[PDB]
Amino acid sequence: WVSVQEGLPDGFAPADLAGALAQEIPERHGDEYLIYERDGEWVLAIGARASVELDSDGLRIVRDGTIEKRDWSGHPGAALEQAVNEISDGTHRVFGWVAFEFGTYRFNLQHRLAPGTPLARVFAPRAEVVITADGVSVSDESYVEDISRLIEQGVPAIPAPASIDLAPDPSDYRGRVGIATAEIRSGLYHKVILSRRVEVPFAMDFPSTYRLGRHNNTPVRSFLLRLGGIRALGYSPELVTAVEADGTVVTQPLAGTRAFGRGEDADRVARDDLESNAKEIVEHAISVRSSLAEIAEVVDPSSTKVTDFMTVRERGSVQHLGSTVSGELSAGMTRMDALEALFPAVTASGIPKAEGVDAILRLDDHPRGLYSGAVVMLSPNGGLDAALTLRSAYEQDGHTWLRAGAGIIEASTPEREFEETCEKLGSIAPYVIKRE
């Protein structure tokens, strides 16, 4: 590890340097890369020393072009954990994403997946740049040159954002909400989160959008990646799963939403509505109870606890009721068993979760892919950090899109739920920069 810089250069917030370094090094050279923000520290992982591709019908481990093909069966977590342990060489951190569809295996719904459905893509980098307020480090000194050059030459001035109309409903979200309420009335499930895509009808500048979006958000994790033919960025409002080295397992159910960022007065009125609204309280408590039932599969029961029970969590364009559920990983359980037990987040799927997931396969645009999955960092010391992929933008196979959803219960009304998606889309839609 080589120290590049003491402190940040004037006019560089860590997010800004991370985003600038993304544009000036990996984007410039065509490298895959991933930026992961966690507790005031940005890691920029550059280039794919090696990578894993887990699909519904196979597994590939790639080392500088050379492809191992493998089969796998049973649970996708066990295959992925093996492949991660292999490419980490016992020493390197591994980064990437896990798709919503990874979660179907738990509920015996993997028969609904098309051949070759992507489940996960992760890589071990050639190099890591680490940015804090305290400074900038790099794992390999051959990068010091380009880092210093972008520092001294200084900060790109982000263009004005573009405009995206959130109002049209091409995918008939309002009508799909109505199908879901009838299914709930029929007794099929209690709750499902359904989403709508918003197609961005132009090409995006991901690094710049990332930087602007981050100035206007307060997320638990943020990320920007180019990996597996996909670009994506996001302001994750909550962890689906963290496993610490000491064995602590964490999940953060956020459920219950009102608008935020409309001034102190409006935000306080919305908050007071949220905290006293019986429907939001009930659905929050139910979510937390479900989280606790899931985590209990992999932690010691005497260890399980809720911290910051049902507290208001501010997330840019929205504020939410949030709780933190935790426990101590049991003997004979792995970090991947933890992730599988909790995936996909109950708060982005539904209740009971098997029928919720079933409903999403039918009533949401498929696949969800990265949306409502996780962006992950896995560490050689047994660590796992998995941010729930929401408040995010995607670019793949010539399409660029936003995606946001809402929790549907029996009493839900199409128009309220559509408006909720609009509030959530306000975490991204305003900060989108054209690729020019």
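The numbering used is simple: start at 1 and walk along the sequence shown.
Chemist: Decide which of the stretches 173 to 181 and 303 to 311 has the higher mean C-alpha B-factor, going by the entry.
Modeler: The recorded data point to 173 to 181.
Chemist: Select between 126 to 134 and 215 to 223 the stretch whose C-alpha atoms have the higher average B-factor in the entry.
Modeler: Looking at the record's C-alpha B-factors, the answer is 126 to 134.
Chemist: Tell me, please, which of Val375, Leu54, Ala411, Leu44 has the highest C-alpha B factor according to the deposited entry?
Modeler: If I rank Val375, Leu54, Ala411, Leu44 by C-alpha B-factor, first place goes to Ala411.
Chemist: If you compare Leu370, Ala387, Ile67, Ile35, which has the highest Cα B-factor in the entry?
Modeler: It is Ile67.
Chemist: Please place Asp337 in the lowest, middle or highest third of its chain by C-alpha B factor as given in the entry.
Modeler: Tercile = lowest for this residue's CA B-factor.
Chemist: Sorting the chain's modelled residues by C-alpha B-factor, tell me whether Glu199 ends up in the lowest, middle or highest third.
Modeler: It falls in the top third of the chain.
Chemist: Divide the modelled residues of the chain into thirds by Cα B-factor and specify which third, lowest, middle or highest, holds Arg28.
Modeler: According to the entry, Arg28 has a C-alpha B-factor in the chain's highest third.
Chemist: C-alpha B factor of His366, ranked within the chain: lowest, middle or highest third?
Modeler: According to the entry, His366 has a C-alpha B-factor in the chain's highest third.
Chemist: Quick check for you: using the entry's CA B-factors within this chain, is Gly228 in the lowest, middle or highest third?
Modeler: CA B-factor rank for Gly228: highest third.
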